Amino acid sequence: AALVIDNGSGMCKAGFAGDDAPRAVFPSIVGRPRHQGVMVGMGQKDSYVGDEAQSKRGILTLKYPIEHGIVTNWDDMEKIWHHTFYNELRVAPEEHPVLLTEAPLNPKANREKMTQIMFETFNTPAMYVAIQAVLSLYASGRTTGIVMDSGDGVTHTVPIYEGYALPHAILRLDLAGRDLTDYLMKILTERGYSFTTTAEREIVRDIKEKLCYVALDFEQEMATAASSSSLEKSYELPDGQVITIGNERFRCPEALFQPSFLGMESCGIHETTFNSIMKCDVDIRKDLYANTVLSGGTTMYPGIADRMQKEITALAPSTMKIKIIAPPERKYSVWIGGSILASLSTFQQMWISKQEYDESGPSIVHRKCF
Amino acid sequence: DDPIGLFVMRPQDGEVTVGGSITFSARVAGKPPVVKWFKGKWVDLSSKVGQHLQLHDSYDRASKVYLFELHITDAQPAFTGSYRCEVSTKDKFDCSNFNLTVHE
Amino acid sequence: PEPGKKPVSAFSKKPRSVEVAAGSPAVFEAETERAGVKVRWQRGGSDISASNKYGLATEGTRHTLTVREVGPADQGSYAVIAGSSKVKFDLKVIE
């Protein structure tokens, strides 16, 4: 077998190769006691990791080990990894190779240190760092195309032709589901409800995942939001307090489409996909438009594909028909690509060995893989 | 004898109790010189900075000597080993070897 | 001659040889003498674990190995190691 772990903002996915559903899903958070406690009988427990933190969320000051795909504190990550291998997985790192998934144009230190911790702190014969765009492609079952990867962390585009790569053509987009959550909390304040706490930050995210849906057109529903009958729903908090929202919930997903609300110069996801295609040669452009693949945490809401199809078809040349495939459970699709990738026999030869790391150094990651 | 680097004083071997703190230092004689700390020949301590290991640098004007300190706190078995201190100067390069031991 | 007594064993009950037809499911039941220990499984060529092409079920101090991939090339020897103690069994394949 093999072990596949998804790391990089908000959640940590732990599981076993050979399964299309991981054993352990929990947030990547570490909780410390903000308030000193003067009592007798407590073990004090000055360190909480995982879902336990979620229950004791008010007293604990949550800290995210990973920010923007970059880990601020290395030992917090070690506790998370320890927690995944030993508690939910109930497996030994020694038994199998471990696969980690990483986004394109990510800084060198994250690849070098992450491998370094895996080689030194968790002794394993070999490990490999994979890229989300290539794994999604294998899941798709196509050897040629352009992959749009938007999920936890940073949205990226990576076109490929017959297995040959085009580094110049690869584009990084600063949009993510987590970013939308920050947008959402920011939008709530104007209505008179304010959330400035990490603990309650998740609660708005929970709201966004099921309450929010994608409108056929943003402008027409917002216009019709002046008199909201069915546009407003009541959500129940752990607190027991009641929150009612309207046009506010559908304008959250919109920000990916219209970054101007976020306050950034960079164009939305449909314009960026177009930009990536323009960089590529005209001959290979024709199958790039029909092979667009959507995957990630923020791609969950229905109708995203329908809006993208019309926007891409309108902006793009009419020379070729535009087809976008967005199957359900796309949130865990990246993880799924990793579990299948580890499964292949050929792949096992390709893993970066402990012996190789010590003999040459961290700089060989680029050398071994593109 | 041996060639002269800028370490006026080479780091010394240290002994530390469990959960304690230990300080190692090196002096450089007179822009400011760059100091690197290593675990073994090829492992850099600066990339291992966290709760367990801290780095600090100080300057004394009167002696034109720079004090470089390695701070280790709440020491664990995994940190037992050989550490190498390297100081680079505008015209010369030099290094020293010292060991960190933690028991219990 | 052979030694008088074996080294401390970690298996309470030794997995015993079973026979299965090609494509027929196969289950091997092995029990350890101590709970809290992980038991690795190995085939006459490569290691066996809970992954596609294989299935491992564990509960408490009971380990079950299920192979659905077993066929004519699966004839040989199966080895299972629970901590300090190693024990093996023979899998027979019927044509």
# chains A, B, ... in the order shown; residues from 1 in each chain; ligands from 1
call {"tool": "closest_atom_pairs", "arguments": {"of": "chain A", "to": "chain C", "cutoff": "9 Å", "atoms": "only C-alpha atoms", "output": "Markdown table"}}
result
| residue | atom | partner | partner_atom | distance |
| --- | --- | --- | --- | --- |
| A:1 | CA | C:51 | CA | 4.5 |
| A:2 | CA | C:51 | CA | 7.1 |
| A:16 | CA | C:51 | CA | 6.7 |
| A:17 | CA | C:51 | CA | 5.1 |
| A:18 | CA | C:52 | CA | 3.8 |
| A:19 | CA | C:51 | CA | 7.0 |
| A:90 | CA | C:38 | CA | 8.1 |
| A:91 | CA | C:38 | CA | 7.4 |
| A:92 | CA | C:38 | CA | 8.0 |
| A:95 | CA | C:40 | CA | 8.0 |
| A:96 | CA | C:49 | CA | 8.9 |
| A:340 | CA | C:52 | CA | 9.0 |
| A:343 | CA | C:52 | CA | 7.2 |
call {"tool": "write_last_selection", "arguments": {"atoms": "N, CA and C atoms", "output": "short mmCIF file (atom, residue, chain, number, x, y, z; two decimals), in the first residue's frame"}}
result
data_model
loop_
_atom_site.label_atom_id
_atom_site.label_comp_id
_atom_site.auth_asym_id
_atom_site.auth_seq_id
_atom_site.Cartn_x
_atom_site.Cartn_y
_atom_site.Cartn_z
N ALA A 1 0.83 -1.23 0.00
CA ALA A 1 0.00 0.00 0.00
C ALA A 1 0.86 1.26 0.00
N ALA A 2 0.19 2.40 0.16
CA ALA A 2 0.86 3.69 0.22
C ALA A 2 0.02 4.69 1.00
N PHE A 16 -5.45 6.08 2.82
CA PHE A 16 -4.71 4.93 2.29
C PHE A 16 -4.88 4.80 0.78
N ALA A 17 -3.80 4.45 0.11
CA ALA A 17 -3.86 4.18 -1.32
C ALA A 17 -4.76 2.96 -1.51
N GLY A 18 -5.59 2.97 -2.53
CA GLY A 18 -6.52 1.86 -2.72
C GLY A 18 -7.92 2.18 -2.23
N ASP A 19 -8.09 3.39 -1.72
CA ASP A 19 -9.38 3.87 -1.27
C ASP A 19 -9.70 5.19 -1.97
N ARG A 90 -3.63 4.91 11.91
CA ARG A 90 -3.14 3.75 12.65
C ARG A 90 -2.09 2.98 11.84
N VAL A 91 -1.20 3.72 11.18
CA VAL A 91 -0.14 3.12 10.34
C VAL A 91 1.25 3.67 10.65
N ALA A 92 2.25 2.90 10.25
CA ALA A 92 3.65 3.26 10.45
C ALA A 92 4.26 3.85 9.17
N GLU A 95 6.40 1.51 6.98
CA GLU A 95 5.73 0.53 6.12
C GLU A 95 5.57 0.95 4.64
N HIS A 96 5.23 2.22 4.37
CA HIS A 96 4.99 2.63 2.98
C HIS A 96 5.53 4.01 2.60
N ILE A 340 -4.43 7.35 -6.60
CA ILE A 340 -4.27 6.55 -7.82
C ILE A 340 -2.82 6.61 -8.33
N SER A 343 -0.54 4.31 -6.59
CA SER A 343 -0.90 2.93 -6.94
C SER A 343 -0.07 2.32 -8.08
#
call {"tool": "select_by_dssp", "arguments": {"residues": "range 55-257 of chain A", "states": "strand (DSSP E)", "output": "PyMOL selection string"}}
result
chain A and resi 60-63+66-67+70-71+98-102+126-131+145-149+155-161+164-165+171-173+233-236+242-245
call {"tool": "atom_distance", "arguments": {"atom1": "CA of residue 42 in chain A", "atom2": "CA of residue 25 in chain A"}}
result
27.7 Å
call {"tool": "residues_around", "arguments": {"residues": "residue 93 in chain C", "least_positions_apart": "3", "cutoff": "10 Å", "atoms": "only C-alpha atoms", "output": "list in words"}}
result
residues 18, 19, 20, 21, 22, 70, 71, 72, 73, 74, 75, 76 and 90 of chain C
call {"tool": "residues_around", "arguments": {"residues": "residue 74 in chain B", "least_positions_apart": "5", "cutoff": "7 Å", "atoms": "only C-alpha atoms", "output": "list in words"}}
result
residues 18, 19, 20, 21 and 52 of chain B
call {"tool": "write_last_selection", "arguments": {"atoms": "N, CA, C and O atoms", "output": "PDB file, in the first residue's frame"}}
result
ATOM      1  N   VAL B  18      17.546  18.113  31.224  1.00  0.00           N
ATOM      2  CA  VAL B  18      16.295  17.995  30.465  1.00  0.00           C
ATOM      3  C   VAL B  18      15.335  19.187  30.652  1.00  0.00           C
ATOM      4  O   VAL B  18      15.066  19.648  31.764  1.00  0.00           O
ATOM      5  N   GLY B  19      14.878  19.710  29.511  1.00  0.00           N
ATOM      6  CA  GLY B  19      13.938  20.826  29.488  1.00  0.00           C
ATOM      7  C   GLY B  19      14.605  22.177  29.704  1.00  0.00           C
ATOM      8  O   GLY B  19      13.935  23.205  29.809  1.00  0.00           O
ATOM      9  N   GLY B  20      15.926  22.167  29.758  1.00  0.00           N
ATOM     10  CA  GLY B  20      16.693  23.381  29.989  1.00  0.00           C
ATOM     11  C   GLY B  20      17.086  24.137  28.738  1.00  0.00           C
ATOM     12  O   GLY B  20      16.631  23.840  27.634  1.00  0.00           O
ATOM     13  N   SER B  21      17.953  25.121  28.932  1.00  0.00           N
ATOM     14  CA  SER B  21      18.445  25.942  27.838  1.00  0.00           C
ATOM     15  C   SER B  21      19.969  26.014  27.867  1.00  0.00           C
ATOM     16  O   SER B  21      20.584  26.126  28.930  1.00  0.00           O
ATOM     17  N   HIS B  52      12.483  24.786  19.518  1.00  0.00           N
ATOM     18  CA  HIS B  52      13.699  24.141  20.008  1.00  0.00           C
ATOM     19  C   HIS B  52      15.013  24.926  19.770  1.00  0.00           C
ATOM     20  O   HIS B  52      15.893  24.935  20.632  1.00  0.00           O
TER      21      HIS B  52
END
